[PDB]
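Below you'll find the structure, written out as C-alpha cells, and then a few comments.
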Amino acid sequence: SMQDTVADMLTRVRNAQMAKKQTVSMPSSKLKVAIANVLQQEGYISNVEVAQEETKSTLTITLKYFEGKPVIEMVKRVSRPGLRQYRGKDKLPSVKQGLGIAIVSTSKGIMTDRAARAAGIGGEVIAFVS
Amino acid sequence: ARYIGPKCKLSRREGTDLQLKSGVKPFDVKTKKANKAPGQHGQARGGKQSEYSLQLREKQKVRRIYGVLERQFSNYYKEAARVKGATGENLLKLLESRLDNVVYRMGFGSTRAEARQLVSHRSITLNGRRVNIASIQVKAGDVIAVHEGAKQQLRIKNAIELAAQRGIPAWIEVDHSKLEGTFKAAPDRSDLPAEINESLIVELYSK
Amino acid sequence: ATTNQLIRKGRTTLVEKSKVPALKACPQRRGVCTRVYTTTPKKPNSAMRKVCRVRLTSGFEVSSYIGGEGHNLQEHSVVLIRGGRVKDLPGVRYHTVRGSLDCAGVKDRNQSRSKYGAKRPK
Amino acid sequence: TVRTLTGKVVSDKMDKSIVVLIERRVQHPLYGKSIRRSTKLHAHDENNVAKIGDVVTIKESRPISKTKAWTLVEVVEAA
Amino acid sequence: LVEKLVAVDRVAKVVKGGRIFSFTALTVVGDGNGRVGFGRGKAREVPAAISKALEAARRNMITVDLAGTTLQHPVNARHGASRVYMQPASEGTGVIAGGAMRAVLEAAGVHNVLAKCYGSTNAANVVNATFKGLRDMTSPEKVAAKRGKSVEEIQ
Amino acid sequence: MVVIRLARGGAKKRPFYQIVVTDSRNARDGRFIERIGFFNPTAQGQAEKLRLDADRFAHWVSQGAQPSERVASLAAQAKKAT
RNA sequence: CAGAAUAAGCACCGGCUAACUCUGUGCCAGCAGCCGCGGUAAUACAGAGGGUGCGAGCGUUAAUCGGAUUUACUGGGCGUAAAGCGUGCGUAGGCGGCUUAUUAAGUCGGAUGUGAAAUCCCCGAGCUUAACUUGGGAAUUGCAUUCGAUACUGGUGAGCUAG
RNA sequence: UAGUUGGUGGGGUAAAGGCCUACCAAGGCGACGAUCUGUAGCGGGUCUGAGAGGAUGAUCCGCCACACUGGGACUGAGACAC
Ligand SMILES: NCCC[C@H](N)CC(=O)NCCC[C@H](N)CC(=O)NCCC[C@H](N)CC(=O)N[C@@H]1[C@H](O)[C@@H](OC(N)=O)[C@@H](CO)O[C@H]1NC1=N[C@@H]2C(=O)NC[C@@H](O)[C@H]2N1
C-alpha cells in the first residue's frame, strides 16, 4: 500500500519532468501544498493550484523547462517512514555547495536550509532539490 | 652523519652545478664529464624517466646542495606542511634559514661544507654566544659574527674574496671589515633560483 | 538490507586466520630438527630442495626450508625458524634462520650476507 | 527537585507494591532509526490505590525493600 | 594544446595459421583553461594508433566552466561499472586523483581537487565517467538563469 | 590531614613543581584536590619563577590545610615580592 | 694543549619500483611478496665492476589499521556472475489515507551545572638547536536540570471517504 | 527462581535494605535474551582512518580486585590487614 505520500509527490514530479509533461496532478494535502509553495518560491516550478470537487482535493503543479532540459534536475527524498532524519542547526546539509536547496520542516514551518540556518533552528530534512 | 666523498659525480647525476666547489674553476673545466651519469651505463640527459623518477631526482637535487639527510629533510617537510602558507616556499625558507647556509651566504666559507666545518668547530657566534650546531634556525634580526680566534684565517679571507664575485643577497647585511653580519628576513621565493621545482617534492612527500 | 533488518541483525565480520599458526604470534620459534631431507618442486619447477621437519616449542611439528647453498644441519640440531612460504613446495610455510643456534652461515658468500648470516670477510 | 517518572501499571498483586513499565524512545547509535526501550520498576504504594492499567507517577526515594526504591506520587489516569 | 597518453595496449585477433596483433591507444587533449576531450585509436603500430587517438580526441571535445582552478561543487558520475567522485579543494592541495582522472583534470585545467574511483578502474571507462562529470557540472550563473533569479539570491 | 605541598614534574635534573592542595596520604605525584600555582627553581630569562594564588591559599589555610615548610617559605617570599 | 690525528656500514639494480654489464653454472646449483626466472650468450642463481636508496644504522620475521565500496550507517548486491524460502495464511514486530482541536514523548532552541589532571591542537616561554619541559587557551562532539517552539512523527478527542 | 518476590512483629548495622529470623500471601525475572556457557580488570587515553568506523588498554593518572591455595575473626578512627 501507499505509505509515503510525500515520496509519491516527488516521484510524480520526477517522472513528469522526465516525460516532458506540462502539468502534473495528484491528491492534495497541506504538507504537499507547503512543499510545493517552497518549490515555487525558489523557482523550480511555475504555478501551484488546488481544486476541490467535494471532500476530494486535487493539487496541480505547472512544470518549468529552460533551454532543453527540465529545471528540476534532481529531487531526492531524504527522510522516509522507515528512517526519519533530524538535524541540528549546525549540521543542516548543503546541496551542491549551496547551488541546490534542502527542504526542512522546522517548528517555524517549512523552509530551505538557508532560511533555517538564518533563523538558527533545525528540523526534519524532507528532500534535496537541485 | 654527513656525506663524505666525491661531489662531481653527485652534480653529474642530477645534471647541474650543485655549487659543491669553491668556483675558482667552472664546472665544465672541473669535471669534463657533464651530461654523463657516473655509471658505465651512464647516458645523455635526454633519457626518459617515470614521474616517480622525476620527483625523486628533484628531491635528491634539493637535498644534495644543502647537505641534508632524509630524516631531517622529511621533518622539514612535515613542519612546512603544518605551517600555514605555501608548502614549497615554506620548505625553501626552512632550508635557507640553517645557520651553516647563512654563514655560506655571508661569504665566510667558500663552500657549504666549509661553512659547516666553521660552525661545528665553534668559529661562529650567534647573538654573542659560540654555537656548534649547523641546523640552528636563524630568525629575523639576528647577528652572526666571526670569533676572535677564527679571524685571521686565510681560508676566511679567500672565502670573502670569492663571495665578492657573487652577489650578496638582499636579506643579508654583511660588514666584511669586521667579519659580522645581520640576517634580516627569510628569503622570498623570487630571490631563490627558479630552476628548483617544488610541486614534485610536495607530491612525492604527500603520496 | 533494510534498516529494520540491520537493527534486528547487524553486519557480520569474518575472522582472518593466520598463515603461520605454529609461530603462535611470535617473531621466531626454536625447534629440534627431526628429519633433514630433500624434496622435489611442484611443476613447472624441478630441483632437489633442502627441507627439515622440526618439532617446535609451541607443540607443533612443521617443515622448514633451508636457504642458501651448503648447510651443516642434521638430526637433533637446534634451530630457529621464522615465517615465510616457499611457494612451489606444497606445505613448507616456514624458513630456518642461518647462523642462529646450530645452523651455520653460508660459505664463500659476499652479497646479502645479513641474510644467510655470513660475517664480514677479512 | 526530585527525579520522577511516568508509566503504566502492569502488576498489583504484591502487597503495597506495584510494577510500573516505563517507555522511552531513543536513536539507534549506528543506524539512526528511532527505537523504543522499556524498563520495569518496582514502586511503593502504601494504600494499594493503583490497579493494573492505570497511568501513574513515581518518584525516587530511599530503599523500602530489596527491589523497591521508588514511591507512588499520584494516579494521573485510571483504567 | 596539452596532450596526454593515458594507456597503450596490445590486442590480438585470431585467424587461420596464427594471430594478428595490433595496438590501441587512449589519449586526452586539453587547453588547460576549461576545454578538454578524449579519444581512442587502433593501428598495426604504436605511433599510428597514437596519432589516430589524438585526432579522435581533437574531434570529441567539450567546454567546462571552472570556478577558478577548482570545481564548482561535488560531482558524482558513472559510466558502466566505473564510478567517480570529485570534490573541490582549497589552494595548495593539488590534484589528489588516480592517473586516469588526473590526465583529464589537468587537461581541463583543474589544479586543486580530491577524487576517488569506486568499482572498476578500467582506463577508458574511468575517462568516460570523469568526462561526463565535468560536462554535467553546473555553475551559479546557469543555476540563476534556469531558476529565473539572481546569483546573489541563489547564494 | 589536608596539606599544601609540591608535586614534582619536569625533566631529570630540571624539576618543576606544581603547588597542590591534597590529602597527605596520597602519592606525591598522584591524586590531589586543587592546584593553586607552580614553582620553577631553575627559571631563566623570561620564565616565571613563582606564581601563587593567594586567595585560594588563604581559603584553604582557613579550613585547616597545613602547608609544608617549602610551601610556607614560598608563600612568604611571594607575599614579600608583591 | 697535541695532532687528521680516534671514528662506515647495510639492502637493492626483470615488472610492480630509483638503479646494468661481464664472468661461472646449465630445469643443476639456486632465487622467489605476486606474476615468475634457471633446460649454453641468464640485465632475475654466485662472484666482480659500476650504480641506486639509506646512513650509526640497514634488512628479515611477527602484529594492528589502511588501501578493501572485500559486511557497504556514511557506502554494495540477489534474471544469466554467490544470492527470492515451492506456495499461501497468519502471531510478535516494523510501517501506514485525509481534516481539525489538544498534548508536548520523539524533534529543535536558550540558560545553568558538570564533563579531574595529564594527553591531542594553537600562541608563547626555557633548554647552544631539536627531542624534551612548561604558561595560558582551544577542545572534551557527552550527560543532567530547567525554560521555551509546535511544522513533522507519536498520544488523546472529534470528523471524512479516494484504501 | 522458593529467602525466591512482597508484607507484618522482632533481631542486626555507623547507616537504608531478606542483611537475618518467625509467620502471611504467591509472587518476582525472561525473545527489549532470563538461566547456562566461553572470554575479559574498567576508564582518561594509544595506533590507524578523509570521516564514520576498526584495533588496543605497557610506561603516566583515576577506580576496582588480589597477596602460596581456601574458611574466619581480633585490635583499631579506619583492615577482614603484601
Ligand atoms: N548500450 C547498447 C544498447 C544495445 C541494446 N541491445 C539496445 C536494445 O536492445 N533496445 C534499444 C533500447 C535503447 C534504449 N531505450 C536507449 C538507451 O540506451 N538510453 C540510455 C543510454 C543513453 C545513450 N543512448 C548513451 C549515452 O548517452 N552514452 C554516453 C556516451 O557513451 C558518452 O558521451 C558521449 N556523448 O560520447 C559518455 C561520456 O563520455 O556518457 C554516456 N552516457 C551515460 N553513461 C552513463 C551510464 O552508463 N549510466 C548512467 C548515466 O550516467 C549514463 N549516461
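Here, A, B, ... name the chains of the C-alpha cells in the order displayed, residue numbers run from 1 inside each chain, and ligands are numbered from 1 in the same displayed order.
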Sel. of alpha helix (DSSP H) residues, segment 30-115 of chain E, as JSON, numbers by chain: {"E": [46, 47, 48, 49, 50, 51, 52, 53, 54, 55, 56, 57, 58, 59, 99, 100, 101, 102, 103, 104, 105, 106, 107, 108]}
Would you put the residues from that selection into a file with N, CA, C and O atoms, as a compact mmCIF listing (two decimals), in the first residue's frame?
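So the final result, stored in out19.txt, reads:
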# COMPACT_ATOMS: atom_id res chain seq x y z
N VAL E 46 52.35 1.39 -32.94
CA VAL E 46 52.02 2.31 -31.86
C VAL E 46 51.88 3.76 -32.32
O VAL E 46 50.90 4.41 -31.93
N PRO E 47 52.82 4.33 -33.09
CA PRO E 47 52.69 5.76 -33.43
C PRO E 47 51.43 6.09 -34.22
O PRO E 47 50.82 7.14 -33.99
N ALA E 48 51.03 5.22 -35.15
CA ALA E 48 49.80 5.47 -35.90
C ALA E 48 48.58 5.42 -35.00
O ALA E 48 47.66 6.23 -35.15
N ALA E 49 48.55 4.48 -34.05
CA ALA E 49 47.45 4.42 -33.10
C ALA E 49 47.41 5.68 -32.25
O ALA E 49 46.33 6.21 -31.98
N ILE E 50 48.57 6.17 -31.82
CA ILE E 50 48.61 7.39 -31.02
C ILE E 50 48.09 8.57 -31.83
O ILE E 50 47.31 9.40 -31.33
N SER E 51 48.50 8.68 -33.10
CA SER E 51 48.03 9.77 -33.94
C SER E 51 46.52 9.71 -34.15
O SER E 51 45.83 10.74 -34.08
N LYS E 52 45.98 8.51 -34.41
CA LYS E 52 44.54 8.38 -34.60
C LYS E 52 43.78 8.71 -33.32
O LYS E 52 42.72 9.35 -33.37
N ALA E 53 44.31 8.29 -32.17
CA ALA E 53 43.67 8.61 -30.90
C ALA E 53 43.66 10.11 -30.67
O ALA E 53 42.67 10.67 -30.19
N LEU E 54 44.77 10.78 -30.99
CA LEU E 54 44.83 12.23 -30.84
C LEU E 54 43.83 12.92 -31.76
O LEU E 54 43.19 13.90 -31.36
N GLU E 55 43.70 12.44 -33.00
CA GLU E 55 42.73 13.01 -33.93
C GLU E 55 41.31 12.87 -33.38
O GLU E 55 40.53 13.84 -33.37
N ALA E 56 40.97 11.68 -32.88
CA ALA E 56 39.65 11.47 -32.30
C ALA E 56 39.43 12.36 -31.09
O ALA E 56 38.33 12.88 -30.87
N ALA E 57 40.47 12.54 -30.27
CA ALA E 57 40.37 13.41 -29.11
C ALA E 57 40.08 14.85 -29.52
O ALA E 57 39.22 15.51 -28.92
N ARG E 58 40.78 15.34 -30.54
CA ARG E 58 40.51 16.70 -31.00
C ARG E 58 39.10 16.83 -31.57
O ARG E 58 38.48 17.89 -31.44
N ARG E 59 38.60 15.78 -32.22
CA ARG E 59 37.23 15.85 -32.72
C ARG E 59 36.19 15.83 -31.60
O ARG E 59 35.15 16.49 -31.73
N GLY E 99 45.62 8.25 -11.98
CA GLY E 99 46.22 8.73 -13.22
C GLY E 99 45.19 9.01 -14.30
O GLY E 99 45.27 10.02 -15.00
N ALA E 100 44.21 8.11 -14.45
CA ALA E 100 43.20 8.29 -15.48
C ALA E 100 42.37 9.54 -15.24
O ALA E 100 42.07 10.29 -16.17
N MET E 101 41.97 9.78 -13.98
CA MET E 101 41.28 11.03 -13.69
C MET E 101 42.22 12.21 -13.82
O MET E 101 41.81 13.30 -14.24
N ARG E 102 43.48 12.02 -13.41
CA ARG E 102 44.44 13.11 -13.36
C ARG E 102 44.69 13.69 -14.74
O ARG E 102 44.79 14.91 -14.89
N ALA E 103 44.82 12.83 -15.75
CA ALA E 103 45.04 13.34 -17.10
C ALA E 103 43.90 14.24 -17.55
O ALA E 103 44.14 15.36 -18.04
N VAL E 104 42.66 13.79 -17.36
CA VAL E 104 41.51 14.58 -17.78
C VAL E 104 41.44 15.89 -17.00
O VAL E 104 41.22 16.96 -17.58
N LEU E 105 41.64 15.83 -15.68
CA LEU E 105 41.52 17.04 -14.87
C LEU E 105 42.60 18.05 -15.21
O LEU E 105 42.33 19.25 -15.32
N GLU E 106 43.84 17.59 -15.39
CA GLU E 106 44.92 18.50 -15.73
C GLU E 106 44.73 19.10 -17.12
O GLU E 106 45.02 20.28 -17.33
N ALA E 107 44.26 18.30 -18.08
CA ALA E 107 43.99 18.86 -19.40
C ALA E 107 42.85 19.86 -19.36
O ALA E 107 42.85 20.84 -20.12
N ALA E 108 41.86 19.65 -18.50
CA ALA E 108 40.77 20.61 -18.35
C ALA E 108 41.19 21.86 -17.59
O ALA E 108 40.53 22.89 -17.72
Neighbour list for residue 29 of chain G as a PyMOL selection string, cut-off 10 Å, only C-alpha atoms (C1' of nucleotides), skip fewer than 2 positions in-chain: (chain C and resi 47-48+68-70) or (chain G and resi 25-26+38+45-46)
Neighbourhood of ligand 1 at 12 Å, counting only C-alpha atoms (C1' of nucleotides) and all ligand atoms, reported as an MDAnalysis selection string: chainID E and resid 28 36:40 56:57 59:62 75:84 104 124:136
Can you write just those residues out, C-alpha atoms, as a compact mmCIF listing (two decimals), in the first residue's frame?
# COMPACT_ATOMS: atom_id res chain seq x y z
CA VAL E 28 43.31 13.14 -23.68
CA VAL E 36 39.19 19.08 -22.93
CA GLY E 37 38.49 15.95 -24.95
CA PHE E 38 39.49 12.31 -25.26
CA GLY E 39 39.80 9.67 -27.94
CA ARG E 40 40.96 6.19 -28.89
CA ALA E 56 39.65 11.47 -32.30
CA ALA E 57 40.37 13.41 -29.11
CA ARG E 59 37.23 15.85 -32.72
CA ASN E 60 35.47 14.97 -29.42
CA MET E 61 35.83 17.99 -27.12
CA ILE E 62 33.68 19.91 -24.63
CA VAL E 75 30.39 15.66 -8.59
CA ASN E 76 29.22 12.04 -8.70
CA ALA E 77 29.43 10.35 -12.09
CA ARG E 78 29.49 6.88 -13.58
CA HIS E 79 29.89 5.07 -16.89
CA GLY E 80 29.14 1.37 -16.87
CA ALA E 81 30.71 -0.21 -13.80
CA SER E 82 33.11 2.68 -13.09
CA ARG E 83 32.01 5.31 -10.57
CA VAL E 84 33.90 8.52 -9.77
CA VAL E 104 41.51 14.58 -17.78
CA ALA E 124 38.58 4.12 -20.83
CA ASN E 125 35.58 3.76 -18.52
CA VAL E 126 37.16 5.98 -15.86
CA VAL E 127 37.93 8.60 -18.51
CA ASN E 128 34.32 8.41 -19.71
CA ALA E 129 32.99 8.87 -16.17
CA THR E 130 35.25 11.85 -15.42
CA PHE E 131 34.35 13.37 -18.80
CA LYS E 132 30.64 13.05 -18.07
CA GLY E 133 31.03 14.53 -14.60
CA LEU E 134 32.94 17.55 -15.88
CA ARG E 135 30.45 18.03 -18.72
CA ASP E 136 27.45 17.89 -16.37
Those in segment 13-199 of chain B with strand (DSSP E) from DSSP, as a list in words: residues 124, 125, 126, 129, 130, 142, 143, 144, 145, 146, 172, 173, 174, 175, 180, 181, 182 and 183 of chain B
10 Å contacts from chain E to chain B using only C-alpha atoms, as a ChimeraX atom specification: /E:91-96
Check which residues of chain E sit at most 10 Å from chain G using only C-alpha atoms (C1' of nucleotides), and return one row each with the closest pair of atoms and their distance in Å to one decimal, ordered by chain and rising number, as JSON lines.
{"residue": "E:117", "atom": "CA", "partner": "G:69", "partner_atom": "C1'", "distance": 9.7}
{"residue": "E:118", "atom": "CA", "partner": "G:69", "partner_atom": "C1'", "distance": 6.5}
{"residue": "E:119", "atom": "CA", "partner": "G:69", "partner_atom": "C1'", "distance": 7.5}
At most 12 Å to chain C: residues in chain D, only C-alpha atoms, as a ChimeraX atom specification: /D:27-35
Can you write just those residues out, N, CA, C and O atoms, as a compact mmCIF listing (two decimals), in the first residue's frame?
# COMPACT_ATOMS: atom_id res chain seq x y z
N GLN D 27 17.42 7.10 19.69
CA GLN D 27 18.01 6.83 18.38
C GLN D 27 19.01 5.69 18.49
O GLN D 27 19.79 5.62 19.44
N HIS D 28 18.98 4.79 17.51
CA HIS D 28 19.98 3.73 17.47
C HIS D 28 21.35 4.34 17.19
O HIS D 28 21.50 5.16 16.29
N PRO D 29 22.37 3.96 17.96
CA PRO D 29 23.67 4.66 17.86
C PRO D 29 24.31 4.58 16.48
O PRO D 29 24.99 5.53 16.08
N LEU D 30 24.13 3.48 15.75
CA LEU D 30 24.77 3.35 14.45
C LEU D 30 23.81 3.61 13.30
O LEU D 30 24.13 4.38 12.38
N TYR D 31 22.64 2.98 13.32
CA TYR D 31 21.75 3.01 12.17
C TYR D 31 20.74 4.15 12.21
O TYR D 31 20.00 4.33 11.24
N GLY D 32 20.70 4.92 13.30
CA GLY D 32 19.97 6.17 13.31
C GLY D 32 18.47 6.07 13.51
O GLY D 32 17.84 7.05 13.90
N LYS D 33 17.89 4.90 13.25
CA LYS D 33 16.45 4.76 13.36
C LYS D 33 16.00 4.89 14.81
O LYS D 33 16.68 4.43 15.73
N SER D 34 14.85 5.53 15.00
CA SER D 34 14.31 5.72 16.34
C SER D 34 13.68 4.43 16.83
O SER D 34 12.83 3.84 16.17
N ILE D 35 14.10 3.98 18.01
CA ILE D 35 13.61 2.74 18.59
C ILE D 35 13.00 3.04 19.95
O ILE D 35 13.11 4.14 20.48
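Neighbours of segment 10-25 of chain B closer than or equal to 6 Å, with only C-alpha atoms (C1' of nucleotides) counted and sequence neighbours fewer than 5 positions away skipped, come out as residues 34, 37, 65, 110 and 111 of chain B.
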Grab the residues selected above and save them as an mmCIF file, in the first residue's frame with N, CA and C atoms.
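What follows is the written file part-v2.cif:
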data_model
loop_
_atom_site.group_PDB
_atom_site.id
_atom_site.type_symbol
_atom_site.label_atom_id
_atom_site.label_comp_id
_atom_site.auth_asym_id
_atom_site.auth_seq_id
_atom_site.Cartn_x
_atom_site.Cartn_y
_atom_site.Cartn_z
ATOM 1 N N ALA B 34 80.354 16.176 -17.664
ATOM 2 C CA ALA B 34 78.943 16.515 -17.556
ATOM 3 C C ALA B 34 78.168 15.919 -18.723
ATOM 4 N N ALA B 37 76.101 10.282 -16.772
ATOM 5 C CA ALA B 37 75.915 9.734 -15.447
ATOM 6 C C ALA B 37 77.196 9.027 -15.015
ATOM 7 N N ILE B 65 72.504 19.839 -2.440
ATOM 8 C CA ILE B 65 73.116 21.163 -2.355
ATOM 9 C C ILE B 65 73.209 21.617 -0.903
ATOM 10 N N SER B 110 83.948 29.174 1.603
ATOM 11 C CA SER B 110 83.933 29.003 0.155
ATOM 12 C C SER B 110 82.894 27.988 -0.296
ATOM 13 N N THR B 111 82.568 27.012 0.545
ATOM 14 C CA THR B 111 81.529 26.037 0.241
ATOM 15 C C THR B 111 80.668 25.861 1.482
#
Within 6 Å of segment 7-24 of chain H using only C-alpha atoms (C1' of nucleotides), minus same-chain residues under 4 positions, as a list in words: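 The filter keeps residues 15, 63, 65 and 66 of chain D.
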Selection: 12 Å around residue 158 of chain G, only C-alpha atoms (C1' of nucleotides), excl. self and same-chain fewer than 2 positions, as a list in words: residues 99, 100, 101, 102, 156 and 160 of chain G
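From atom CA of residue 2 of chain F back to atom CA of residue 72 of chain F, the distance works out to 14.4 Å.
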